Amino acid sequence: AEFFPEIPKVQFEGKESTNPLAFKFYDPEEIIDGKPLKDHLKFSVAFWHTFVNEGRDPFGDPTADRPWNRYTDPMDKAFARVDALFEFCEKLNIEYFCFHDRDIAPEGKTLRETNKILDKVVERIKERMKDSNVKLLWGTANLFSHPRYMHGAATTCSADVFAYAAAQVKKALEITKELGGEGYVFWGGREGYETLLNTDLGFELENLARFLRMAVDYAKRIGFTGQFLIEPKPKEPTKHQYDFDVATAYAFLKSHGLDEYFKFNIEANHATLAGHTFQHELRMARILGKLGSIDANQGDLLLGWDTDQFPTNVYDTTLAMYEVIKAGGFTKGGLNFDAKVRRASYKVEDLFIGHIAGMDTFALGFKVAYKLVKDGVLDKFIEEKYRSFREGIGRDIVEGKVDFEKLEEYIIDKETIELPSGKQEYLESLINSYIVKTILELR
């Protein structure tokens, strides 16, 4: 209780609980199918938003009131944050965290310097790690903040930058393997363009592919076993980011033979910024077999930039979780809270309140989706809707016995064709009924 003395370890208080520092729906311990609820959800904290971020926006200064802000020595701060991390996870009941290499340790004048400094904090992280139960869900290299990357990393126009980026990723892969990460994420924040006038699209996409596979070859050369995750985003900071979305990123991987090595880390706000719903992007990832992990936030659909808010909407969490359950639940991934407090929610307790809200909403949603999937209510409607492809000519079609000519013959004279209603208004009311059903079974 050194850092956040006023915050106690958080416990479950049930559906009617009134205390803001209590879980209303998330019972970490509750077992479902022989697994405690915590092992279904695999909640994780994002080091960047929670410990580094201080409420600065394009028009304003940082607002956050954080304990480690007294330490003015960059290294004291870096260490203070590592300690706060573990205390935070302990009280909030979390067992996973994610970080960028540049989140944990300040940079030196050279890469060598930088790496040395980096090792210092990594070692401290490992001590507190084994003393605790928190683990590394995934690690990643920040290839977008430093001016060096203004024209991109792998897609830069400067070979020196390409080299630096390859070296940084190398280190990042190393410390991730050392800390036992389940995955390694690629967010191409500057891998895109601001204008086509100065962009050799084809060249940049080639270098990007060379980079990706150099990374997969080195992962082999060091016996790294984590899952490689690509995190799509349509834009911001760039005008167009290359991994625009699942389908686009897939197209690039498949196109260059890199797909077998990658899965996707889908973020709600990224999905909606590309004009897709969160569910859509999850389903796509799923049928491709690459639903890797999830960054659990929530954007504002009436705003054109990532708001990165804590998820407080049961409709979204339900449809999201429905996809995960149908994919078979998580393997080497989970619900990393890539979200942040509103600038005005600047008090330390708001960090806690925010994370609790997200966990409750996702927990409840998981439970609603669990019923939907168990009763099989949606799966039956769908099975009935595409019924004709099981009987008659339908099956001939699917099996491949038919061609255009045989289809013309079959259909040439048929006058009226019978069609099912879509029932959308009905299905939606159903989601409401299951929300009500589940709430009634809540403790």
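Numbers follow the displayed sequence, beginning with 1.
Entry-level comparison of average CA B-factors, 405 to 413 and 58 to 66, reporting the higher stretch
Averaging CA B-factors over each stretch, the winner is 405 to 413.
Looking only at CA atoms, which has the higher mean B factor in the entry: 124 to 132 or 349 to 357?
It is 124 to 132.
If I read the C-alpha B-factors straight from the PDB entry, which of 235, 280, 116, 151 is highest?
Answer for 235, 280, 116, 151: 116, with the highest C-alpha B-factor.
Highest Cα B-factor in the PDB entry belongs to which of 190, 343, 100, 77?
Comparing C-alpha B-factors across 190, 343, 100, 77, the maximum falls on 77.
Please say which third, lowest, middle or highest, residue 9 falls into when its CA temperature factor is compared across its chain.
As the PDB entry reports it, the C-alpha B-factor of residue 9 lands in the highest third of its chain.
What third of its chain's C-alpha B-factors does residue 218 belong to: lowest, middle or highest?
It falls in the top third of the chain.
Please rank the C-alpha B-factors of the chain's modelled residues and tell me whether residue 178 sits in the lowest, middle or highest third.
As the PDB entry reports it, the C-alpha B-factor of residue 178 lands in the highest third of its chain.
Quick check for you: using the entry's CA B-factors within this chain, is residue 420 in the lowest, middle or highest third?
Within its chain, residue 420 is a lowest-third residue by C-alpha B-factor, going by the deposited values.
Chain-relative CA temperature factor third for residue 184
It belongs to the middle third of the chain when residues are ordered by C-alpha B-factor.
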